[PDB]
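First up is the structure itself, then whatever we jot down about it.
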Amino acid sequence: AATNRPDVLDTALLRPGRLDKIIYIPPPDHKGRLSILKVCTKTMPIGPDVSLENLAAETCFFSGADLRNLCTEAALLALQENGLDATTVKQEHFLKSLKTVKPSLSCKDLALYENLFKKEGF
Amino acid sequence: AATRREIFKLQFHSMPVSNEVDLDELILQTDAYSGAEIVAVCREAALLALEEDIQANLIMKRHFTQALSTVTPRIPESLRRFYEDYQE
């Protein structure tokens with residue numbers, strides 16, 4: 001069973017005998033966000049000016065799906081500004097696409113889980 | 001500024017406008033103007049030039065100064081600051 005709002009869940013469902021070994025799916029970190037960008041940029045032709053470590057330092061409160069939207073929209077901007085026939089995605093296309101993809105996490109949602117984390121409930 | 005010049009050039013093609021008006025000064029005063037309101041400024045300046053001499057041929061600059069005082073932007077400055085801070 002998977003859920004994203006576990007405060008609503010019943011206490012009798014979370015008992016020894018019903019549902020045990022609760023596992024937490026961590027919102028990502030810097031070493032973790034570098035590995036998501038290598039999976040997405042595997043097929044894409046990347047120029048040798050792009051450094052993926054500098055993009056992951058500026059990226060904060062991103063989910064996994066928002067990293068996929070950043071690589072999708074920076075690839076579409078290279079087709080727009082360099083014609084229909086182009087083999088180039090540069091570093092400046094990634095920084096120009098940070099103005100139109102916004103983070104979808106905050107400290108209000110993130111500290112909810114790490115509080116239930118702390119007993120209270122889970 | 002380039003989009004508002006194309007909206008003004010479509011409306012100045014039909015109306016008899018004198019050569020005394022300055023287009024660059026009108027572009028600067030119509031900041032935060034929607035595209036439907038630039039049609040309404042050009043329509044009202046033609047009606048105000050008709051009132052001071054039914055038989056009118058050309059529109060002066062003084063009609064445009066009075067027409068911009070009547071038609072205002074509907075968008076307040078709170079929504080202007082929010083939609084520029086959302087892109088940053």
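Here's how to read the names in the structure tokens: chain A, B, ... by the order shown, residue numbers from 1 in each chain, ligand numbers from 1 in the order shown.
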Chain A residues near chain B within 10 Å, closest pair each, using only C-alpha atoms, as a tab-separated table:
```
residue	atom	partner	partner_atom	distance
A:98	CA	B:88	CA	9.3
A:99	CA	B:87	CA	6.1
A:100	CA	B:87	CA	6.9
A:101	CA	B:87	CA	9.4
A:102	CA	B:87	CA	9.1
```
From a DSSP pass on the backbone, collect the residues of chain B flagged as helix (DSSP H, G or I) and hand them back as a ChimeraX atom specification. /B:2-11,23-29,35-51,62-70,77-85
With a distance cut-off of 8 Å and only C-alpha atoms, select the neighbouring residues of residue 41 (chain B), excluding the residue or stretch itself and same-chain residues fewer than 5 positions from it, and output the selection as a ChimeraX atom specification. /B:64,67-68,71
What would the file look like if the residues just selected were written as a CSV table (one decimal), in the first residue's frame with C-alpha atoms?
```csv
chain,number,residue,atom,x,y,z
B,64,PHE,CA,-5.4,61.9,-27.1
B,67,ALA,CA,-8.8,60.3,-23.9
B,68,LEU,CA,-6.0,58.8,-21.9
B,71,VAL,CA,-9.6,55.3,-20.0
```
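Relative to CA of residue 44 (chain A), CA of residue 25 (chain A) is found at 27.8 Å.
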For residue 65 (chain B), list every protein, DNA or RNA residue within 12 Å, evaluated using only C-alpha atoms, and leave out those in the same chain fewer than 6 positions away; present the list as a list in words. residues 21, 22, 25, 26, 29, 30, 41, 42, 44, 45, 48, 49, 59 and 71 of chain B
One decimal place gives the CA of residue 115 (chain A)-CA of residue 23 (chain A) separation as 14.9 Å
Which residues are near region 16-20 of chain B? Cut-off 8 Å, only C-alpha atoms, ignore same chain within fewer than 4 positions. Put them as a PyMOL selection string. chain B and resi 12+57-61
Please list as a PyMOL selection string every residue within 7 Å of region 72-75 of chain B, counting only C-alpha atoms and excluding residues in the same chain fewer than 4 positions away. chain B and resi 32-33+68+79
Include N, CA and C atoms and write out the residues we just selected as an mmCIF file, in the first residue's frame.
```cif
data_model
loop_
_atom_site.group_PDB
_atom_site.id
_atom_site.type_symbol
_atom_site.label_atom_id
_atom_site.label_comp_id
_atom_site.auth_asym_id
_atom_site.auth_seq_id
_atom_site.Cartn_x
_atom_site.Cartn_y
_atom_site.Cartn_z
ATOM 1 N N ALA B 32 1.113 48.925 -19.132
ATOM 2 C CA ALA B 32 0.129 48.045 -18.469
ATOM 3 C C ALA B 32 -1.267 48.156 -19.079
ATOM 4 N N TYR B 33 -1.322 48.341 -20.390
ATOM 5 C CA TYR B 33 -2.573 48.447 -21.122
ATOM 6 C C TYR B 33 -2.846 47.122 -21.811
ATOM 7 N N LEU B 68 -6.748 59.581 -22.786
ATOM 8 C CA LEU B 68 -5.981 58.757 -21.865
ATOM 9 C C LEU B 68 -6.310 59.049 -20.409
ATOM 10 N N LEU B 79 -1.490 43.152 -8.791
ATOM 11 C CA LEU B 79 -1.427 42.037 -9.726
ATOM 12 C C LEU B 79 -0.273 42.179 -10.707
#
```
Residues near region 29-35 of chain A, anyone? I mean within 12 Å using only C-alpha atoms, not counting same-chain ones fewer than 4 positions away, as an mmCIF file with N, CA, C and O atoms, in the first residue's frame.
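Now in part12.cif:
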```cif
data_model
loop_
_atom_site.group_PDB
_atom_site.id
_atom_site.type_symbol
_atom_site.label_atom_id
_atom_site.label_comp_id
_atom_site.auth_asym_id
_atom_site.auth_seq_id
_atom_site.Cartn_x
_atom_site.Cartn_y
_atom_site.Cartn_z
ATOM 1 N N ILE A 25 10.016 7.050 1.654
ATOM 2 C CA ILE A 25 10.561 7.304 0.321
ATOM 3 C C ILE A 25 11.100 8.709 0.324
ATOM 4 O O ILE A 25 10.368 9.660 0.149
ATOM 5 N N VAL A 39 20.064 9.671 -15.841
ATOM 6 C CA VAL A 39 19.090 8.784 -16.467
ATOM 7 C C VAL A 39 18.343 9.511 -17.584
ATOM 8 O O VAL A 39 18.157 8.968 -18.679
ATOM 9 N N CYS A 40 17.957 10.767 -17.346
ATOM 10 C CA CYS A 40 17.207 11.530 -18.340
ATOM 11 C C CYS A 40 18.071 12.000 -19.507
ATOM 12 O O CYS A 40 17.597 12.016 -20.646
ATOM 13 N N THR A 41 19.330 12.361 -19.265
ATOM 14 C CA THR A 41 20.209 12.851 -20.319
ATOM 15 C C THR A 41 21.032 11.742 -20.972
ATOM 16 O O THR A 41 22.059 12.029 -21.597
ATOM 17 N N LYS A 42 20.604 10.489 -20.833
ATOM 18 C CA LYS A 42 21.294 9.372 -21.466
ATOM 19 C C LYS A 42 21.067 9.355 -22.973
ATOM 20 O O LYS A 42 22.012 9.158 -23.745
ATOM 21 N N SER A 51 27.556 21.123 -17.603
ATOM 22 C CA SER A 51 27.980 20.407 -16.410
ATOM 23 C C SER A 51 26.745 20.122 -15.575
ATOM 24 O O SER A 51 26.012 21.047 -15.216
ATOM 25 N N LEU A 52 26.518 18.849 -15.267
ATOM 26 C CA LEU A 52 25.315 18.466 -14.544
ATOM 27 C C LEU A 52 25.415 18.707 -13.045
ATOM 28 O O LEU A 52 24.381 18.737 -12.373
ATOM 29 N N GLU A 53 26.624 18.875 -12.508
ATOM 30 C CA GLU A 53 26.776 19.128 -11.079
ATOM 31 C C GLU A 53 26.378 20.545 -10.703
ATOM 32 O O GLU A 53 25.878 20.766 -9.595
ATOM 33 N N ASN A 54 26.594 21.506 -11.601
ATOM 34 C CA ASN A 54 26.224 22.888 -11.320
ATOM 35 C C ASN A 54 24.722 23.100 -11.402
ATOM 36 O O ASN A 54 24.187 23.990 -10.733
ATOM 37 N N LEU A 55 24.029 22.305 -12.220
ATOM 38 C CA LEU A 55 22.574 22.393 -12.279
ATOM 39 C C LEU A 55 21.936 21.800 -11.033
ATOM 40 O O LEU A 55 20.907 22.295 -10.564
ATOM 41 N N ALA A 56 22.533 20.740 -10.485
ATOM 42 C CA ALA A 56 21.985 20.086 -9.304
ATOM 43 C C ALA A 56 22.211 20.890 -8.033
ATOM 44 O O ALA A 56 21.480 20.697 -7.059
ATOM 45 N N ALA A 57 23.207 21.778 -8.019
ATOM 46 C CA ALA A 57 23.408 22.646 -6.865
ATOM 47 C C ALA A 57 22.352 23.742 -6.806
ATOM 48 O O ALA A 57 21.861 24.079 -5.723
ATOM 49 N N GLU A 58 21.987 24.305 -7.957
ATOM 50 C CA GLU A 58 20.958 25.335 -8.008
ATOM 51 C C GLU A 58 19.561 24.772 -7.824
ATOM 52 O O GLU A 58 18.656 25.507 -7.421
ATOM 53 N N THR A 59 19.371 23.498 -8.120
ATOM 54 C CA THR A 59 18.075 22.856 -7.999
ATOM 55 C C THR A 59 17.815 22.520 -6.534
ATOM 56 O O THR A 59 18.616 21.825 -5.903
ATOM 57 N N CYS A 60 16.716 23.031 -5.984
ATOM 58 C CA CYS A 60 16.319 22.716 -4.619
ATOM 59 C C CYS A 60 14.803 22.656 -4.544
ATOM 60 O O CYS A 60 14.121 23.392 -5.264
ATOM 61 N N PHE A 61 14.303 21.778 -3.660
ATOM 62 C CA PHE A 61 12.884 21.392 -3.522
ATOM 63 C C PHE A 61 12.261 20.911 -4.829
ATOM 64 O O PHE A 61 11.092 21.187 -5.101
ATOM 65 N N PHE A 62 13.011 20.185 -5.644
ATOM 66 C CA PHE A 62 12.424 19.547 -6.808
ATOM 67 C C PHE A 62 12.014 18.128 -6.458
ATOM 68 O O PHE A 62 12.663 17.449 -5.661
ATOM 69 N N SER A 63 10.940 17.678 -7.080
ATOM 70 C CA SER A 63 10.554 16.282 -7.021
ATOM 71 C C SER A 63 11.258 15.536 -8.154
ATOM 72 O O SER A 63 12.085 16.100 -8.875
ATOM 73 N N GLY A 64 10.950 14.252 -8.321
ATOM 74 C CA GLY A 64 11.524 13.510 -9.428
ATOM 75 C C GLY A 64 10.906 13.862 -10.765
ATOM 76 O O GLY A 64 11.595 13.863 -11.787
ATOM 77 N N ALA A 65 9.612 14.187 -10.774
ATOM 78 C CA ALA A 65 8.915 14.510 -12.013
ATOM 79 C C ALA A 65 9.278 15.891 -12.538
ATOM 80 O O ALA A 65 9.217 16.120 -13.751
ATOM 81 N N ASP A 66 9.645 16.818 -11.654
ATOM 82 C CA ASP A 66 10.038 18.150 -12.093
ATOM 83 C C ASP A 66 11.428 18.181 -12.702
ATOM 84 O O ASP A 66 11.728 19.096 -13.475
ATOM 85 N N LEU A 67 12.281 17.211 -12.372
ATOM 86 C CA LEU A 67 13.555 17.090 -13.067
ATOM 87 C C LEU A 67 13.364 16.559 -14.480
ATOM 88 O O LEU A 67 14.147 16.891 -15.374
ATOM 89 N N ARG A 68 12.327 15.748 -14.698
ATOM 90 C CA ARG A 68 12.007 15.277 -16.041
ATOM 91 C C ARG A 68 11.404 16.388 -16.895
ATOM 92 O O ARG A 68 11.638 16.427 -18.107
#
```
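Of note, CA of residue 85 (chain B) and CA of residue 90 (chain A) are spaced 26.3 Å apart.
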